[PDB]
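In structure tokens, the next block holds one chain alone, the form solved without the partner chain.
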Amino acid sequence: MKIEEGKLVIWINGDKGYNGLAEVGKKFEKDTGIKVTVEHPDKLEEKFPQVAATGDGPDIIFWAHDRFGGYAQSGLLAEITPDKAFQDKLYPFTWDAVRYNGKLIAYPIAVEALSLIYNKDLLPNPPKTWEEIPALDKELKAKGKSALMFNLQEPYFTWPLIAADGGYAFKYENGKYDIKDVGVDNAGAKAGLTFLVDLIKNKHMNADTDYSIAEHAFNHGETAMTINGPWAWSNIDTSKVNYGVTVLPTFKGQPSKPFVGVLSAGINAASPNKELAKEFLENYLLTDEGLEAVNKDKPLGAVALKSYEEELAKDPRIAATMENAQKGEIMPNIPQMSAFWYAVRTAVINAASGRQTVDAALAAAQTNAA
């Protein structure tokens, strides 16, 4: 078989708590005899539609909900069937994220938003504005440090700045997203991307900075700030850097507006193990003990499971996560999101590297997203 009967194969991103998830899998195996194998392929969210379209791939895929409408439209996801009692365990807005064309198509797990993470020893009082960063970098450089480093290769991390002054993905109005109406090339989006490009032009950041570089720099005390999600806190803890997690800086007086993702677990339509996947997700993973196990490996951040979230909310880092989430927007789950992200990734990388002006980059992004 392309997908093996009698076990579960799971995909989750490599920066999440995949070892903790595997532990939940070992508990499952102990109780049921069903082995669970967790993989973390790179770009799994791009690979999934390729392999699932041929009846292959994992039994279960974990990713933010934004990719799931596309998968569902292509018939790659099984309809899930939790009853009302189970539904009541999770916050209503998380279920909204995973409902597509009249069907629930994934189980919500956690609510993710980026925050500003800062080194308290270098910056006891972190900047409230993006505009403060250039001068702060010049001041820190004289002491052998930089102000800020974050992943410039994934547009997820730059979006909060692009959206701050008015950029948006798809217009939502009167109960629908208008997929012909994109906001990646409005004045606000240009302003935010231009600010980023200027940070690079003025040697405050490097265009080639990626996830690993920014994490390395922050966790080694080479830079005073980074922008990242809750999954990153575990490695910072181990580094012994004294850090805080706070509201993202404003731009032109406007809050940064991160795109909020609901990490969700979908079941492959081609899986011969759908009932076992349901048992694993409902009875083992989406439980206090299951999420705690994953969280202990890499923090989930705010979780969809009310009972556990009530405990996590007491953590000031989680409060900061929710504050940033409230200033941002939940991502659409519509199929056009794949095109949107391709468009914006291309624009940010080309603008940052100087291959395109901001105006040309975002003009192309508008065409490509719509």
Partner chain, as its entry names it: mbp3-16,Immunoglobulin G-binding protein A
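Positions refer to the first chain, counted from 1.
Averaging CA B factors per stretch from the PDB record, which one is higher: 182 to 190 or 80 to 88?
The deposited B-factors put 80 to 88 ahead on the C-alpha mean.
Of 51 to 59 and 30 to 38, the one with larger mean CA B-factor
If you average the C-alpha B-factors of 30 to 38 and of 51 to 59, the larger mean comes out for 51 to 59.
Going by the deposited entry, which of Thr246, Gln73, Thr250, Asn295 has the highest CA temperature factor?
Answer for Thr246, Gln73, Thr250, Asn295: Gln73, with the highest C-alpha B-factor.
Determine which member of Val241, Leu263, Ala164, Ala232 has the highest CA B-factor, using the values in the deposited entry.
Each of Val241, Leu263, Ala164, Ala232 was compared by C-alpha B-factor; the highest is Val241.
In terms of the CA temperature factor given in the entry, to which third of its chain does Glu46 belong: lowest, middle or highest?
Highest third.
Compared with the other modelled residues in the chain, in which third is the CA B-factor of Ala339?
For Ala339, whose C-alpha B-factor we compare with every modelled residue in the chain, the answer is the highest third.
State the tercile, meaning the lowest, middle or highest third, of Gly17 with respect to the CA B-factors recorded for its chain.
For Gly17, whose C-alpha B-factor we compare with every modelled residue in the chain, the answer is the middle third.
In terms of the chain's CA B-factor thirds, is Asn268 lowest, middle or highest?
Lowest third of the chain for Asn268's C-alpha B-factor.
Which third of the chain does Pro332 land in by C-alpha B-factor: lowest, middle or highest?
It belongs to the lowest third of the chain when residues are ordered by C-alpha B-factor.
As for the form deposited with the partner chain bound, it is not shown, yet the points below apply to it.
Along 186 to 206, which positions have a non-hydrogen atom within 4.5 Å of the partner chain in the entry with it bound?
Going through 186 to 206 in order - heavy atoms within 4.5 Å of the partner chain in the entry with it bound - the hits are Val197, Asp198, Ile200, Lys201, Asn202, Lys203, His204.
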